[PDB]
$ cat protein20.cif   # mmCIF, N, CA and C atoms
data_model
loop_
_atom_site.label_atom_id
_atom_site.label_comp_id
_atom_site.auth_asym_id
_atom_site.auth_seq_id
_atom_site.Cartn_x
_atom_site.Cartn_y
_atom_site.Cartn_z
N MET A 87 -8.46 120.21 176.58
CA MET A 87 -9.20 120.36 175.31
C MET A 87 -10.42 121.25 175.50
N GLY A 88 -10.45 122.35 174.76
CA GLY A 88 -11.59 123.25 174.83
C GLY A 88 -11.87 123.89 173.49
N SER A 89 -13.12 123.83 173.05
CA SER A 89 -13.52 124.38 171.76
C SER A 89 -12.72 123.72 170.64
N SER A 90 -12.80 122.40 170.58
CA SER A 90 -12.06 121.63 169.60
C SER A 90 -12.85 121.51 168.30
N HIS A 91 -12.55 122.40 167.36
CA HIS A 91 -13.20 122.38 166.06
C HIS A 91 -12.41 121.48 165.11
N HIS A 92 -13.02 120.37 164.72
CA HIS A 92 -12.34 119.38 163.89
C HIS A 92 -12.56 119.66 162.41
N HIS A 93 -12.40 118.62 161.58
CA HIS A 93 -12.52 118.74 160.12
C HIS A 93 -11.40 119.63 159.57
N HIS A 94 -10.17 119.31 159.93
CA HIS A 94 -9.01 120.05 159.44
C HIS A 94 -8.47 119.44 158.17
N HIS A 95 -9.15 119.68 157.06
CA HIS A 95 -8.71 119.20 155.76
C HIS A 95 -7.65 120.13 155.19
N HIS A 96 -6.40 119.73 155.29
CA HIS A 96 -5.29 120.53 154.78
C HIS A 96 -5.32 120.55 153.26
N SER A 97 -5.10 121.72 152.69
CA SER A 97 -5.07 121.88 151.25
C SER A 97 -3.70 121.51 150.70
N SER A 98 -3.50 120.22 150.47
CA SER A 98 -2.24 119.72 149.94
C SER A 98 -2.05 120.19 148.50
N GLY A 99 -1.29 121.26 148.32
CA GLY A 99 -1.11 121.82 147.00
C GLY A 99 -2.09 122.94 146.74
N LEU A 100 -2.11 123.92 147.64
CA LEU A 100 -3.01 125.05 147.53
C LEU A 100 -2.53 126.02 146.45
N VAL A 101 -2.72 125.63 145.21
CA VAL A 101 -2.40 126.48 144.08
C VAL A 101 -3.58 127.40 143.73
N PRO A 102 -4.79 126.84 143.51
CA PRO A 102 -5.98 127.65 143.23
C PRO A 102 -6.45 128.41 144.47
N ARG A 103 -7.48 129.25 144.29
CA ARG A 103 -8.09 130.02 145.37
C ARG A 103 -7.21 131.19 145.80
N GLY A 104 -5.90 131.01 145.71
CA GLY A 104 -4.96 132.06 146.03
C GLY A 104 -4.32 131.86 147.38
N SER A 105 -3.55 132.85 147.81
CA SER A 105 -2.92 132.80 149.12
C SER A 105 -3.94 133.22 150.17
N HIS A 106 -4.06 132.43 151.23
CA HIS A 106 -5.03 132.71 152.27
C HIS A 106 -4.41 132.53 153.65
N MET A 107 -3.40 133.34 153.95
CA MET A 107 -2.82 133.36 155.28
C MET A 107 -3.38 134.55 156.05
N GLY A 108 -3.27 135.73 155.44
CA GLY A 108 -3.95 136.92 155.92
C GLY A 108 -3.25 137.64 157.05
N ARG A 109 -2.54 136.88 157.90
CA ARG A 109 -1.82 137.40 159.09
C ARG A 109 -1.59 138.91 159.09
N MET A 110 -2.53 139.67 159.64
CA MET A 110 -2.37 141.13 159.71
C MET A 110 -2.87 141.69 161.03
N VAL A 111 -2.01 142.37 161.77
CA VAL A 111 -2.47 143.03 162.98
C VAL A 111 -2.16 144.50 163.02
N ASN A 112 -3.20 145.26 162.81
CA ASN A 112 -3.28 146.63 163.19
C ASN A 112 -4.75 146.95 163.24
N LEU A 113 -5.30 147.08 164.42
CA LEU A 113 -6.73 147.21 164.55
C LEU A 113 -7.15 148.63 164.33
N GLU A 114 -7.69 148.91 163.17
CA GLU A 114 -8.06 150.25 162.88
C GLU A 114 -9.32 150.29 162.04
N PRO A 115 -10.44 150.53 162.74
CA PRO A 115 -11.79 150.59 162.18
C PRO A 115 -11.88 151.15 160.78
N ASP A 116 -12.74 150.49 160.00
CA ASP A 116 -12.89 150.75 158.57
C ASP A 116 -11.73 150.10 157.82
N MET A 117 -11.32 148.95 158.33
CA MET A 117 -10.30 148.14 157.70
C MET A 117 -10.89 146.84 157.23
N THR A 118 -10.27 146.24 156.25
CA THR A 118 -10.79 145.04 155.66
C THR A 118 -10.01 143.87 156.21
N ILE A 119 -10.62 143.16 157.13
CA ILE A 119 -9.90 142.23 157.94
C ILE A 119 -10.69 140.92 158.08
N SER A 120 -10.06 139.86 158.58
CA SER A 120 -10.68 138.57 158.63
C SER A 120 -10.29 137.89 159.92
N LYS A 121 -10.83 136.72 160.17
CA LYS A 121 -10.33 135.84 161.21
C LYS A 121 -8.90 135.48 160.89
N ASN A 122 -8.62 135.49 159.60
CA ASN A 122 -7.31 135.16 159.06
C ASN A 122 -6.35 136.34 159.06
N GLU A 123 -6.83 137.55 159.14
CA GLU A 123 -5.94 138.64 159.33
C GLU A 123 -5.71 138.83 160.81
N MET A 124 -6.81 138.97 161.50
CA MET A 124 -6.84 139.00 162.96
C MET A 124 -6.28 137.72 163.53
N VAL A 125 -6.18 136.68 162.72
CA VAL A 125 -5.61 135.41 163.15
C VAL A 125 -4.37 135.66 163.96
N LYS A 126 -3.60 136.59 163.48
CA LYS A 126 -2.40 136.99 164.17
C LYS A 126 -2.68 137.63 165.51
N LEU A 127 -3.68 138.49 165.55
CA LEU A 127 -4.21 139.01 166.80
C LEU A 127 -4.52 137.89 167.76
N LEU A 128 -4.94 136.79 167.19
CA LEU A 128 -5.45 135.68 167.96
C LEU A 128 -4.30 134.82 168.42
N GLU A 129 -3.32 134.72 167.57
CA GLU A 129 -2.02 134.15 167.89
C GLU A 129 -1.27 135.06 168.85
N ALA A 130 -1.63 136.33 168.78
CA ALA A 130 -1.08 137.36 169.66
C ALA A 130 -1.69 137.28 171.04
N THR A 131 -3.00 137.06 171.09
CA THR A 131 -3.71 136.86 172.35
C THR A 131 -3.63 135.39 172.69
N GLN A 132 -2.94 134.74 171.78
CA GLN A 132 -2.60 133.35 171.82
C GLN A 132 -3.79 132.48 172.19
N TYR A 133 -4.89 132.66 171.48
CA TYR A 133 -6.10 131.99 171.85
C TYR A 133 -6.82 131.38 170.65
N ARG A 134 -7.92 130.69 170.93
CA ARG A 134 -8.75 130.10 169.92
C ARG A 134 -10.20 130.30 170.35
N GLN A 135 -11.06 130.58 169.39
CA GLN A 135 -12.43 131.03 169.65
C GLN A 135 -13.18 130.19 170.66
N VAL A 136 -13.95 130.91 171.44
CA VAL A 136 -14.72 130.36 172.54
C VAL A 136 -16.18 130.72 172.41
N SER A 137 -17.05 129.92 173.02
CA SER A 137 -18.46 130.26 173.14
C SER A 137 -18.58 131.53 173.94
N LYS A 138 -17.68 131.61 174.89
CA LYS A 138 -17.61 132.72 175.79
C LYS A 138 -16.24 132.77 176.41
N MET A 139 -15.70 133.95 176.42
CA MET A 139 -14.37 134.19 176.93
C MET A 139 -14.40 135.19 178.08
N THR A 140 -13.67 134.91 179.15
CA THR A 140 -13.11 135.99 179.93
C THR A 140 -11.97 135.50 180.81
N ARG A 141 -10.79 135.72 180.27
CA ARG A 141 -9.51 135.67 180.95
C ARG A 141 -8.52 136.43 180.07
N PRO A 142 -7.37 136.87 180.57
CA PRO A 142 -6.35 137.49 179.72
C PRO A 142 -5.79 136.50 178.69
N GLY A 143 -5.74 136.89 177.41
CA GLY A 143 -5.30 135.97 176.38
C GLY A 143 -6.44 135.17 175.78
N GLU A 144 -7.51 135.85 175.38
CA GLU A 144 -8.62 135.20 174.70
C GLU A 144 -9.17 136.08 173.59
N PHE A 145 -10.16 135.54 172.90
CA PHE A 145 -10.96 136.30 171.95
C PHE A 145 -12.18 135.49 171.61
N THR A 146 -13.05 136.07 170.83
CA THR A 146 -14.18 135.35 170.32
C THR A 146 -14.49 135.75 168.91
N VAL A 147 -14.56 134.77 168.05
CA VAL A 147 -14.95 135.01 166.68
C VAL A 147 -16.12 134.10 166.31
N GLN A 148 -17.30 134.69 166.16
CA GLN A 148 -18.50 133.90 165.99
C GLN A 148 -19.46 134.55 165.01
N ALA A 149 -19.91 135.76 165.32
CA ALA A 149 -20.96 136.39 164.55
C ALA A 149 -20.45 137.56 163.70
N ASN A 150 -20.51 138.76 164.26
CA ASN A 150 -20.22 139.97 163.49
C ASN A 150 -18.86 140.53 163.84
N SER A 151 -18.18 139.87 164.75
CA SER A 151 -16.99 140.44 165.33
C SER A 151 -15.94 139.42 165.68
N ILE A 152 -14.73 139.92 165.81
CA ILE A 152 -13.67 139.21 166.49
C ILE A 152 -13.40 139.95 167.77
N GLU A 153 -13.77 139.37 168.86
CA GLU A 153 -13.51 139.97 170.14
C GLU A 153 -12.16 139.50 170.59
N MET A 154 -11.69 140.00 171.71
CA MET A 154 -10.35 139.70 172.19
C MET A 154 -10.16 140.17 173.61
N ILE A 155 -9.24 139.53 174.31
CA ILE A 155 -8.75 140.02 175.58
C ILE A 155 -7.24 140.08 175.57
N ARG A 156 -6.71 141.29 175.57
CA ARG A 156 -5.27 141.48 175.59
C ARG A 156 -4.67 140.93 176.87
N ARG A 157 -4.00 139.81 176.78
CA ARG A 157 -3.23 139.32 177.90
C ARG A 157 -2.02 140.22 178.06
N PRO A 158 -1.52 140.44 179.28
CA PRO A 158 -0.24 141.09 179.46
C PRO A 158 0.80 140.47 178.55
N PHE A 159 1.42 141.32 177.79
CA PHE A 159 2.46 140.92 176.85
C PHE A 159 3.68 141.78 177.10
N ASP A 160 4.84 141.17 177.18
CA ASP A 160 6.05 141.92 177.46
C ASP A 160 6.78 142.27 176.18
N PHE A 161 6.23 143.26 175.52
CA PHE A 161 6.84 143.85 174.35
C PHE A 161 7.19 145.29 174.65
N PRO A 162 8.35 145.68 174.17
CA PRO A 162 8.87 147.04 174.30
C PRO A 162 7.95 148.07 173.70
N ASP A 163 7.25 147.66 172.68
CA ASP A 163 6.35 148.53 171.99
C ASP A 163 4.92 148.34 172.46
N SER A 164 4.70 147.32 173.28
CA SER A 164 3.35 146.97 173.72
C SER A 164 3.39 146.14 175.00
N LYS A 165 3.18 146.78 176.13
CA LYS A 165 3.16 146.09 177.41
C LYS A 165 2.21 146.79 178.35
N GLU A 166 1.02 146.25 178.43
CA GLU A 166 -0.05 146.87 179.17
C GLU A 166 -0.94 145.83 179.79
N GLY A 167 -1.99 146.32 180.40
CA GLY A 167 -2.97 145.44 180.97
C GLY A 167 -3.92 144.90 179.94
N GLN A 168 -4.73 144.00 180.41
CA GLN A 168 -5.77 143.38 179.66
C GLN A 168 -6.84 144.37 179.17
N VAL A 169 -7.47 144.01 178.06
CA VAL A 169 -8.55 144.77 177.45
C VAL A 169 -9.43 143.84 176.63
N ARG A 170 -10.74 143.95 176.80
CA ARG A 170 -11.68 143.30 175.93
C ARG A 170 -12.05 144.21 174.79
N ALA A 171 -11.70 143.81 173.59
CA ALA A 171 -12.00 144.63 172.44
C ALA A 171 -12.96 143.93 171.50
N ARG A 172 -13.80 144.74 170.90
CA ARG A 172 -14.87 144.28 170.03
C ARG A 172 -14.60 144.68 168.59
N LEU A 173 -14.08 143.77 167.80
CA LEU A 173 -13.74 144.06 166.42
C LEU A 173 -14.91 143.72 165.51
N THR A 174 -15.73 144.71 165.21
CA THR A 174 -16.98 144.49 164.51
C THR A 174 -16.85 144.78 163.05
N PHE A 175 -17.23 143.79 162.30
CA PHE A 175 -17.15 143.81 160.86
C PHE A 175 -18.41 144.37 160.26
N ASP A 176 -18.24 145.19 159.25
CA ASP A 176 -19.31 145.48 158.33
C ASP A 176 -19.37 144.31 157.39
N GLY A 177 -19.69 143.17 157.95
CA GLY A 177 -19.70 141.99 157.15
C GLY A 177 -18.29 141.53 156.86
N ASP A 178 -17.80 141.89 155.68
CA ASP A 178 -16.49 141.48 155.23
C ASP A 178 -15.37 142.30 155.83
N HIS A 179 -15.66 143.52 156.24
CA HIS A 179 -14.61 144.42 156.61
C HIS A 179 -14.93 145.12 157.89
N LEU A 180 -13.96 145.08 158.76
CA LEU A 180 -14.07 145.67 160.08
C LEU A 180 -14.49 147.11 159.98
N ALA A 181 -15.52 147.45 160.71
CA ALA A 181 -16.07 148.77 160.67
C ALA A 181 -15.71 149.54 161.92
N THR A 182 -15.79 148.87 163.06
CA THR A 182 -15.57 149.52 164.33
C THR A 182 -14.89 148.58 165.30
N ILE A 183 -14.40 149.15 166.39
CA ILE A 183 -13.94 148.37 167.50
C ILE A 183 -14.48 149.04 168.74
N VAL A 184 -14.82 148.27 169.73
CA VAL A 184 -15.46 148.79 170.91
C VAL A 184 -14.85 148.17 172.16
N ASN A 185 -14.67 148.98 173.18
CA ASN A 185 -14.07 148.56 174.42
C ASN A 185 -15.12 147.88 175.22
N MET A 186 -15.11 146.58 175.22
CA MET A 186 -16.25 145.83 175.69
C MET A 186 -16.56 146.04 177.18
N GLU A 187 -15.73 146.82 177.84
CA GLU A 187 -15.89 147.10 179.24
C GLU A 187 -16.71 148.36 179.46
N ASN A 188 -16.44 149.32 178.62
CA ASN A 188 -17.10 150.62 178.69
C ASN A 188 -18.10 150.74 177.58
N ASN A 189 -17.79 149.97 176.55
CA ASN A 189 -18.57 149.90 175.33
C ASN A 189 -18.32 151.17 174.55
N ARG A 190 -17.10 151.65 174.68
CA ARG A 190 -16.69 152.84 173.98
C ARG A 190 -16.04 152.47 172.67
N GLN A 191 -15.97 153.44 171.82
CA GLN A 191 -15.52 153.23 170.46
C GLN A 191 -14.01 153.33 170.31
N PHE A 192 -13.52 152.44 169.47
CA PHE A 192 -12.15 152.30 169.09
C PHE A 192 -12.03 152.81 167.68
N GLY A 193 -10.93 152.53 167.03
CA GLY A 193 -10.39 153.41 166.03
C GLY A 193 -8.92 153.46 166.22
N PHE A 194 -8.50 152.83 167.30
CA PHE A 194 -7.14 152.37 167.40
C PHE A 194 -7.02 151.19 168.37
N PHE A 195 -6.70 150.01 167.88
CA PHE A 195 -6.20 148.96 168.76
C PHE A 195 -4.90 148.38 168.19
N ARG A 196 -3.76 148.78 168.72
CA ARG A 196 -2.50 148.40 168.11
C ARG A 196 -1.84 147.22 168.82
N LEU A 197 -1.47 146.20 168.06
CA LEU A 197 -0.72 145.08 168.60
C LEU A 197 0.73 145.10 168.12
N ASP A 198 1.54 144.23 168.70
CA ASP A 198 2.92 144.05 168.29
C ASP A 198 3.10 142.64 167.75
N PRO A 199 3.05 142.50 166.41
CA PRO A 199 2.97 141.20 165.73
C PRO A 199 3.93 140.14 166.25
N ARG A 200 3.36 139.04 166.76
CA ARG A 200 4.07 137.81 167.15
C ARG A 200 3.27 137.05 168.20
#
$ encode --input "protein20.cif" --output "structure tokens"
Amino acid sequence: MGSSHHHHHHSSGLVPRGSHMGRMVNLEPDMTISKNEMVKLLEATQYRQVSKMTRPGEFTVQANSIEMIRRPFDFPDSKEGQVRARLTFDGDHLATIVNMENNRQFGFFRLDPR
């Protein structure tokens, strides 16, 4: 058990408010994204937010960004080494991504949804 955030009140009959799944992965700065869009990124890095992360298959969603560590994934379209990426929101919408190792700018971080 690590970073166990409780208070999971399921919306039994989520008719109002609208659809809120969001599941979207294509990291491309100046995109309008959420923990719920990147959620898939997070399901992709197969992780859940941490106070602090560093291992393959993590991320952090806390303040202005959704960070991440690409665990080795065996996808035909995506199979590489680990990367710490900084998905920084202009508040509501992702503005930039930064390679947290070099602190260089992104503008492409592509995942393979699943």
$ atom_distance --input "protein20.cif" --atom1 "atom CA of residue A:200" --atom2 "atom CA of residue A:102"
27.9 Å
$ closest_residue --input "protein20.cif" --among "A:163, A:99, A:121, A:142" --to "residue A:197" --atoms "only N, CA and C atoms"
A:163
$ residues_around --input "protein20.cif" --residues "residue A:178" --least-positions-apart "3" --cutoff "8 Å" --atoms "only C-alpha atoms" --output "MDAnalysis selection string"
chainID A and resid 118:120 175
$ closest_residue --input "protein20.cif" --among "A:165, A:134, A:190, A:106" --to "residue A:147" --atoms "all atoms listed in the file"
A:134
$ atom_distance --input "protein20.cif" --atom1 "atom CA of residue A:152" --atom2 "atom C of residue A:89"
16.1 Å
$ resolve_selection --input "protein20.cif" --expression "the PyMOL selection byres (((chain A and resi 144 and name CA) around 8) and name CA)" --output "list in words"
residues 128, 131, 132, 133, 134, 135, 139, 140, 141, 142, 143, 145, 146, 154, 155, 156 and 157 of chain A
$ closest_residue --input "protein20.cif" --among "A:182, A:174, A:149, A:161" --to "residue A:115" --atoms "all atoms listed in the file"
A:182
$ closest_residue --input "protein20.cif" --among "A:170, A:138, A:95, A:103" --to "residue A:185" --atoms "all atoms listed in the file"
A:170
$ atom_distance --input "protein20.cif" --atom1 "atom CA of residue A:127" --atom2 "atom CA of residue A:98"
25.7 Å
$ residues_around --input "protein20.cif" --residues "residue A:199" --least-positions-apart "5" --cutoff "7 Å" --atoms "all atoms listed in the file" --output "PyMOL selection string"
chain A and resi 111+126+130
$ closest_residue --input "protein20.cif" --among "A:166, A:153, A:129, A:198" --to "residue A:180" --atoms "only C-alpha atoms"
A:153
$ closest_residue --input "protein20.cif" --among "A:150, A:162, A:183, A:136" --to "residue A:88" --atoms "only N, CA and C atoms"
A:136
$ select_by_dssp --input "protein20.cif" --residues "chain A" --states "strand (DSSP E or B)" --output "tab-separated table (two decimals) with N, CA and C atoms, keeping the file's coordinate frame"
chain	number	residue	atom	x	y	z
A	113	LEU	N	-5.30	147.08	164.42
A	113	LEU	CA	-6.73	147.21	164.55
A	113	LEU	C	-7.15	148.63	164.33
A	117	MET	N	-11.32	148.95	158.33
A	117	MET	CA	-10.30	148.14	157.70
A	117	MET	C	-10.89	146.84	157.23
A	144	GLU	N	-7.51	135.85	175.38
A	144	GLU	CA	-8.62	135.20	174.70
A	144	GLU	C	-9.17	136.08	173.59
A	145	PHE	N	-10.16	135.54	172.90
A	145	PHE	CA	-10.96	136.30	171.95
A	145	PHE	C	-12.18	135.49	171.61
A	146	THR	N	-13.05	136.07	170.83
A	146	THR	CA	-14.18	135.35	170.32
A	146	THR	C	-14.49	135.75	168.91
A	147	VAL	N	-14.56	134.77	168.05
A	147	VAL	CA	-14.95	135.01	166.68
A	147	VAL	C	-16.12	134.10	166.31
A	151	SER	N	-18.18	139.87	164.75
A	151	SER	CA	-16.99	140.44	165.33
A	151	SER	C	-15.94	139.42	165.68
A	152	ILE	N	-14.73	139.92	165.81
A	152	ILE	CA	-13.67	139.21	166.49
A	152	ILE	C	-13.40	139.95	167.77
A	153	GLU	N	-13.77	139.37	168.86
A	153	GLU	CA	-13.51	139.97	170.14
A	153	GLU	C	-12.16	139.50	170.59
A	154	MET	N	-11.69	140.00	171.71
A	154	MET	CA	-10.35	139.70	172.19
A	154	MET	C	-10.16	140.17	173.61
A	155	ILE	N	-9.24	139.53	174.31
A	155	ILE	CA	-8.75	140.02	175.58
A	155	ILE	C	-7.24	140.08	175.57
A	161	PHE	N	6.23	143.26	175.52
A	161	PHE	CA	6.84	143.85	174.35
A	161	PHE	C	7.19	145.29	174.65
A	164	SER	N	4.70	147.32	173.28
A	164	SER	CA	3.35	146.97	173.72
A	164	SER	C	3.39	146.14	175.00
A	170	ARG	N	-10.74	143.95	176.80
A	170	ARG	CA	-11.68	143.30	175.93
A	170	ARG	C	-12.05	144.21	174.79
A	171	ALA	N	-11.70	143.81	173.59
A	171	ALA	CA	-12.00	144.63	172.44
A	171	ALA	C	-12.96	143.93	171.50
A	172	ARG	N	-13.80	144.74	170.90
A	172	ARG	CA	-14.87	144.28	170.03
A	172	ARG	C	-14.60	144.68	168.59
A	173	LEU	N	-14.08	143.77	167.80
A	173	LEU	CA	-13.74	144.06	166.42
A	173	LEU	C	-14.91	143.72	165.51
A	174	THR	N	-15.73	144.71	165.21
A	174	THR	CA	-16.98	144.49	164.51
A	174	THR	C	-16.85	144.78	163.05
A	175	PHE	N	-17.23	143.79	162.30
A	175	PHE	CA	-17.15	143.81	160.86
A	175	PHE	C	-18.41	144.37	160.26
A	176	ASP	N	-18.24	145.19	159.25
A	176	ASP	CA	-19.31	145.48	158.33
A	176	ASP	C	-19.37	144.31	157.39
A	179	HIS	N	-15.66	143.52	156.24
A	179	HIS	CA	-14.61	144.42	156.61
A	179	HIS	C	-14.93	145.12	157.89
A	180	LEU	N	-13.96	145.08	158.76
A	180	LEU	CA	-14.07	145.67	160.08
A	180	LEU	C	-14.49	147.11	159.98
A	181	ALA	N	-15.52	147.45	160.71
A	181	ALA	CA	-16.07	148.77	160.67
A	181	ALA	C	-15.71	149.54	161.92
A	182	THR	N	-15.79	148.87	163.06
A	182	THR	CA	-15.57	149.52	164.33
A	182	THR	C	-14.89	148.58	165.30
A	183	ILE	N	-14.40	149.15	166.39
A	183	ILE	CA	-13.94	148.37	167.50
A	183	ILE	C	-14.48	149.04	168.74
A	184	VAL	N	-14.82	148.27	169.73
A	184	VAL	CA	-15.46	148.79	170.91
A	184	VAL	C	-14.85	148.17	172.16
A	185	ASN	N	-14.67	148.98	173.18
A	185	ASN	CA	-14.07	148.56	174.42
A	185	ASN	C	-15.12	147.88	175.22
A	190	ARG	N	-17.10	151.65	174.68
A	190	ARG	CA	-16.69	152.84	173.98
A	190	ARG	C	-16.04	152.47	172.67
A	191	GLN	N	-15.97	153.44	171.82
A	191	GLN	CA	-15.52	153.23	170.46
A	191	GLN	C	-14.01	153.33	170.31
A	195	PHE	N	-6.70	150.01	167.88
A	195	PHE	CA	-6.20	148.96	168.76
A	195	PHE	C	-4.90	148.38	168.19
$ select_by_dssp --input "protein20.cif" --residues "chain A" --states "helix (DSSP H, G or I)" --output "PyMOL selection string"
chain A and resi 125-130
$ build_atoms --input "protein20.cif" --residues "stretch 172-192 of chain A" --atoms "N, CA, C and O atoms" --output "mmCIF file, in the coordinates of the input"
data_model
loop_
_atom_site.group_PDB
_atom_site.id
_atom_site.type_symbol
_atom_site.label_atom_id
_atom_site.label_comp_id
_atom_site.auth_asym_id
_atom_site.auth_seq_id
_atom_site.Cartn_x
_atom_site.Cartn_y
_atom_site.Cartn_z
ATOM 1 N N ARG A 172 -13.800 144.740 170.900
ATOM 2 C CA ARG A 172 -14.870 144.280 170.030
ATOM 3 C C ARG A 172 -14.600 144.680 168.590
ATOM 4 O O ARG A 172 -14.857 145.810 168.202
ATOM 5 N N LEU A 173 -14.080 143.770 167.800
ATOM 6 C CA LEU A 173 -13.740 144.060 166.420
ATOM 7 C C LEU A 173 -14.910 143.720 165.510
ATOM 8 O O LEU A 173 -15.051 142.585 165.064
ATOM 9 N N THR A 174 -15.730 144.710 165.210
ATOM 10 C CA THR A 174 -16.980 144.490 164.510
ATOM 11 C C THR A 174 -16.850 144.780 163.050
ATOM 12 O O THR A 174 -16.394 145.844 162.620
ATOM 13 N N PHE A 175 -17.230 143.790 162.300
ATOM 14 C CA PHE A 175 -17.150 143.810 160.860
ATOM 15 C C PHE A 175 -18.410 144.370 160.260
ATOM 16 O O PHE A 175 -19.523 144.066 160.694
ATOM 17 N N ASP A 176 -18.240 145.190 159.250
ATOM 18 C CA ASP A 176 -19.310 145.480 158.330
ATOM 19 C C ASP A 176 -19.370 144.310 157.390
ATOM 20 O O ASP A 176 -19.083 144.425 156.200
ATOM 21 N N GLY A 177 -19.690 143.170 157.950
ATOM 22 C CA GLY A 177 -19.700 141.990 157.150
ATOM 23 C C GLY A 177 -18.290 141.530 156.860
ATOM 24 O O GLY A 177 -17.659 140.859 157.682
ATOM 25 N N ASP A 178 -17.800 141.890 155.680
ATOM 26 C CA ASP A 178 -16.490 141.480 155.230
ATOM 27 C C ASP A 178 -15.370 142.300 155.830
ATOM 28 O O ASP A 178 -14.234 141.836 155.921
ATOM 29 N N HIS A 179 -15.660 143.520 156.240
ATOM 30 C CA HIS A 179 -14.610 144.420 156.610
ATOM 31 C C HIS A 179 -14.930 145.120 157.890
ATOM 32 O O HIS A 179 -16.004 145.671 158.073
ATOM 33 N N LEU A 180 -13.960 145.080 158.760
ATOM 34 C CA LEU A 180 -14.070 145.670 160.080
ATOM 35 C C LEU A 180 -14.490 147.110 159.980
ATOM 36 O O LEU A 180 -13.878 147.906 159.275
ATOM 37 N N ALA A 181 -15.520 147.450 160.710
ATOM 38 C CA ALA A 181 -16.070 148.770 160.670
ATOM 39 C C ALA A 181 -15.710 149.540 161.920
ATOM 40 O O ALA A 181 -15.346 150.713 161.854
ATOM 41 N N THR A 182 -15.790 148.870 163.060
ATOM 42 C CA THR A 182 -15.570 149.520 164.330
ATOM 43 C C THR A 182 -14.890 148.580 165.300
ATOM 44 O O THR A 182 -14.805 147.376 165.064
ATOM 45 N N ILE A 183 -14.400 149.150 166.390
ATOM 46 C CA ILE A 183 -13.940 148.370 167.500
ATOM 47 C C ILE A 183 -14.480 149.040 168.740
ATOM 48 O O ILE A 183 -14.650 150.251 168.751
ATOM 49 N N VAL A 184 -14.820 148.270 169.730
ATOM 50 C CA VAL A 184 -15.460 148.790 170.910
ATOM 51 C C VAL A 184 -14.850 148.170 172.160
ATOM 52 O O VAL A 184 -14.520 146.987 172.180
ATOM 53 N N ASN A 185 -14.670 148.980 173.180
ATOM 54 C CA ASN A 185 -14.070 148.560 174.420
ATOM 55 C C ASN A 185 -15.120 147.880 175.220
ATOM 56 O O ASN A 185 -15.914 148.545 175.847
ATOM 57 N N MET A 186 -15.110 146.580 175.220
ATOM 58 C CA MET A 186 -16.250 145.830 175.690
ATOM 59 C C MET A 186 -16.560 146.040 177.180
ATOM 60 O O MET A 186 -17.532 145.502 177.700
ATOM 61 N N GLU A 187 -15.730 146.820 177.840
ATOM 62 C CA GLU A 187 -15.890 147.100 179.240
ATOM 63 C C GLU A 187 -16.710 148.360 179.460
ATOM 64 O O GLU A 187 -17.559 148.434 180.340
ATOM 65 N N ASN A 188 -16.440 149.320 178.620
ATOM 66 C CA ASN A 188 -17.100 150.620 178.690
ATOM 67 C C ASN A 188 -18.100 150.740 177.580
ATOM 68 O O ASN A 188 -19.061 151.499 177.642
ATOM 69 N N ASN A 189 -17.790 149.970 176.550
ATOM 70 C CA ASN A 189 -18.570 149.900 175.330
ATOM 71 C C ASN A 189 -18.320 151.170 174.550
ATOM 72 O O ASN A 189 -19.189 151.701 173.863
ATOM 73 N N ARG A 190 -17.100 151.650 174.680
ATOM 74 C CA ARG A 190 -16.690 152.840 173.980
ATOM 75 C C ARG A 190 -16.040 152.470 172.670
ATOM 76 O O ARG A 190 -15.610 151.343 172.467
ATOM 77 N N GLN A 191 -15.970 153.440 171.820
ATOM 78 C CA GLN A 191 -15.520 153.230 170.460
ATOM 79 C C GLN A 191 -14.010 153.330 170.310
ATOM 80 O O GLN A 191 -13.338 154.168 170.908
ATOM 81 N N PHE A 192 -13.520 152.440 169.470
ATOM 82 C CA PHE A 192 -12.150 152.300 169.090
ATOM 83 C C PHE A 192 -12.030 152.810 167.680
ATOM 84 O O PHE A 192 -12.949 153.455 167.173
#
